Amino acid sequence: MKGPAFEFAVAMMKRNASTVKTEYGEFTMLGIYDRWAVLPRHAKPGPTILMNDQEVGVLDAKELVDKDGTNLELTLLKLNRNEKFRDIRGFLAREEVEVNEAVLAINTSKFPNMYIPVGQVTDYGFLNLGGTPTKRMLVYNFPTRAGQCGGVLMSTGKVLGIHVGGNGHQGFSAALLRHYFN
């Protein structure tokens, strides 16, 4: 069923998600713990971002790659703000998870407070995303539109990944693994 996934998704977004603008567009951003949040790599945050229409400094940013050097399509960023995020690392899986029912949550000025039942999530692993070899790719059927990147892919009790791309038929998430936030 879908209800409990939506229930989890709405509560998660309310506590931990925000709308972010960089020079490269507008994205959903998920806070993970302390002042560390995650964005799609192609958001390419500069020294300042707009977070819920307010200027926020970036203290540090990390474009994640695997131990082999392969792109993961995620950027971790540390925000210059006093408030800490609710620690949601316990809702991240230690390995890539496949599910029969997932929900994708988007929150930007173009897609405010929207949730999409995406159905089955399949771990495709190593893929080529627009020329760039990328691994730990989760794939789901989705009539994708631009402006949805940073979307948070969830199932009941788990944050599975961050939406980083689409081709109009499938959507693609980078798996959000717990060890990224050691």
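When you see a residue number, it is the position in the sequence shown, counting from 1.
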**Complete:** Per the PDB entry, mean CA B-factor is higher for 105-113 or 90-98, namely for 90-98
**Item:** Between 36-44 and 121-129 (mean CA B-factor, as deposited), the higher
**Value:** 121-129
**Prompt:** Highest Cα B-factor in the deposition, which of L30, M154, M137, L59?
**Reply:** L59
**Prompt:** Going by what the PDB entry lists, where does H169 fall on CA B-factor within its chain: lowest, middle or highest third?
**Reply:** highest
**Message:** Using only modelled residues of the chain, where does the Cα B factor of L177 rank: lowest third, middle third or highest third?
**Reply:** middle
